[PDB]
Each structure stands twice: as structure tokens, then as C-alpha cells.
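Below is one structure; the comments refer to it alone.
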Amino acid sequence: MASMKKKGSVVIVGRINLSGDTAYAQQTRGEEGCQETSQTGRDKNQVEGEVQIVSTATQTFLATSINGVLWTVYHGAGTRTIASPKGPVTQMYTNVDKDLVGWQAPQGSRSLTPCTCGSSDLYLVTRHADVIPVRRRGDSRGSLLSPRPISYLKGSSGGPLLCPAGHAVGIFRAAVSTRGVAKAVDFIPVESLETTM
Ligand SMILES: CCc1nc2ccc(OC)cc2nc1O[C@@H]1C[C@H]2C(=O)N[C@]3(C(=O)NS(=O)(=O)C4CC4)C[C@@H]3/C=C/CCCCC[C@H](NC(=O)OC(C)(C)C)C(=O)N2C1
Ligand SMILES: [Zn+2]
């Protein structure tokens, strides 16, 4: 018992910049600082933007701010706290059935507005700052206009699906794949977030 380890915090290690005319990834913390911040849960780095790149000791993925909550996937974060300037912050939402978790949105983050457009022309934002056109095919499914190998989508779970007007439509959850090629995506609808809240 005395030698039992604690899992570390999720750590924001960068962001996807969507503020201007060009989307691009920025790293804000390197691997050493990340490992150490994971252990302490103390992250004093300034946070900006809607889409964060996050990491544990073992995985890296994305997290998206919507309505004052920083949302990501349970298969990434598990029940982990997130590092903040005042120490580890406990999850405010946890739903393993939806593969969804959430913490209060960090100071300096900006939140996306939930979509009410009723539109099916969507855009997936990846951890490499690619903006991929996606046609909505159901409540939780969208098809890639141009299929990609799953390699291209790996590490982008927790990322947003956006409508043409930049509203959040959903959170990227899983890739629908055949023979290693992603032809569609599964996402957590923003309504399901709104209900979870
Ligand atoms: C309902 C899903 C779910 N839900 C889960 C809910 C709870 C839970 O608890 C541990 C685990 C869950 N795992 C779950 O599924 C796991 C997790 C997840 C997954 O892989 N998600 C992605 C990702 O990038 N993840 S990540 O790298 O960033 C990781 C976080 C660091 C999105 C991108 C995928 C890239 C290609 C990866 C090939 C795997 C194909 C798979 N497809 C498949 O599942 O498709 C369907 C749904 C059509 C069958 C699939 O996508 N996934 C499998
Ligand atoms: Zn919209």
C-alpha cells in the first residue's frame, strides 16, 4: 500500500490555433516539462484558444472548450485530474458510456458555442491543424469527403467538429475504418454534452 503509485494529471502541451486565416499547431511545453507537470499537477503556463493538445505519460490527444468546460475522451484521460496553476483539478464530468470527460475550462481558454444551425456540412480539426471537410450522416456520424489512413486521425480524439460558422457540433471520438482507411468518423454530439451538463 505504501508503495502504490498515483496516476499523473493530464497536461496541456500545446494548442491548435484557429484565431487567424491559417490554422496551425503550437507546442507550449516539451516532454520533460510535461512529465514533471503530470506528476505535480502544477501547470503555470498561460492557456489560450479553444482547442488544446493534451498528454499523459503514455498518450497524446486533444481537448476542446465548449460552454466553459474543457472536454475530451475517456479513453484518453480516464478519470485523471488536469494540471492547473493551483494544482490538480478533478473532473467535473465523467461518462464512460459516451467516452466523455470534462474539467472546468482553464483561465485564458476561449470556448466554442454549441451549434444550432441544423447544418450537415461540417469540419474536423485535427492535432496537425488540418481542417477536414465532413458531411454529417447521422446523429453521431460523419463521412470524410476524402478518406484518410487512420494514421492521419490518430491522436485527434477530443478534437472538434465545427459547422461552417465555427460552432461546435461535436467531439471526435472514433474513426470508422476499413482496411486501415478512415471513410467516416464517430463523434459525441454537442447536445449530448449539453445534456451531460
Ligand atoms: C466508441 C469508441 C470508444 N469508446 C470508449 C468508451 C470508453 C472507453 O473506456 C476505456 C474506451 C472507448 N474506446 C472507444 O474506442 C476506441 C477508442 C478510439 C480511437 O482510436 N479514437 C481516435 C483517436 O485518435 N484516439 S487517440 O489516439 O487520440 C487516444 C486517446 C489517445 C479517434 C481516432 C481514431 C484513430 C484510429 C484508431 C483506430 C481504432 C478504431 C476505433 N474505431 C472504432 O472503435 O469505431 C467504431 C466505434 C465504429 C467501432 C477507434 O477509433 N477507437 C477505438
Ligand atoms: Zn452552427
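Both ligands and their constituent atoms are indexed starting at 1 by order of listing. Numbers here are sequence positions counted from 1.
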Legend entry - Distance filter under 4.0 Å to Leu153 heavy atoms, resulting ligand 1 atoms: 24 (O), 33 (C)
Inset, instruction - Take every heavy atom of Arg141, measure it against each atom of ligand 1, and state whether any distance is under 4.0 Å. - result: yes
Legend entry - Proximal ligand 1 atoms for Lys154, defined as those under 4.0 Å from one of its heavy atoms: 24 (O), 27 (O), 35 (C)
Legend entry - Nearest-neighbour protein heavy atom for atom 45 (O) of ligand 1, which is reported as residue plus atom name and distance: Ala175 O, 3.6 Å
Legend entry - Salt-bridge present (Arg173, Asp186; N to O < 4.0 Å): yes
Inset, instruction - Report the nearest protein non-hydrogen atom to atom 50 (C) of ligand 1: residue, atom name, distance rounded to 0.1 Å. - result: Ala174 CB, 3.6 Å
Legend entry - NZ/NE/NH1/NH2 to OD/OE distance under 4.0 Å, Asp121 and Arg136: no
Legend entry - Polar proximity ligand 1 side, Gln59 side, N/O cut 3.5 Å exclusive: no
Legend entry - Sub-4.0 Å protein heavy atom near atom 22 (C) of ligand 1: yes
Inset, instruction - Using non-hydrogen atoms of the residue, decide whether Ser156 is closer than 4.0 angstrom to ligand 1. - result: yes
Inset, instruction - Please identify which atoms of ligand 1 are closer than 4.0 Å to at least one heavy atom of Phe172. - result: 32 (C), 33 (C)
Inset, instruction - Output the list of atoms in ligand 1 that are nearer than 4.0 Å to some heavy atom of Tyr74, sorted by atom number. - result: 9 (O), 10 (C)
Legend entry - Crowding at OH, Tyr93 (>12 non-hydrogen neighbours, <6.0 Å): yes
Legend entry - Heavy-atom nearest neighbour of atom 28 (O) of ligand 1 within options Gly78, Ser157, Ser151: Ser157
Inset, instruction - Kindly identify the option in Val176, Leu100, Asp186, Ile150 whose heavy atom sits closest to atom 36 (C) of ligand 1. - result: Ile150
Inset, instruction - Ignoring angles and geometry beyond distance, decide whether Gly155 reaches within less than 3.5 Å of ligand 1 through its nitrogen or oxygen atoms. - result: yes
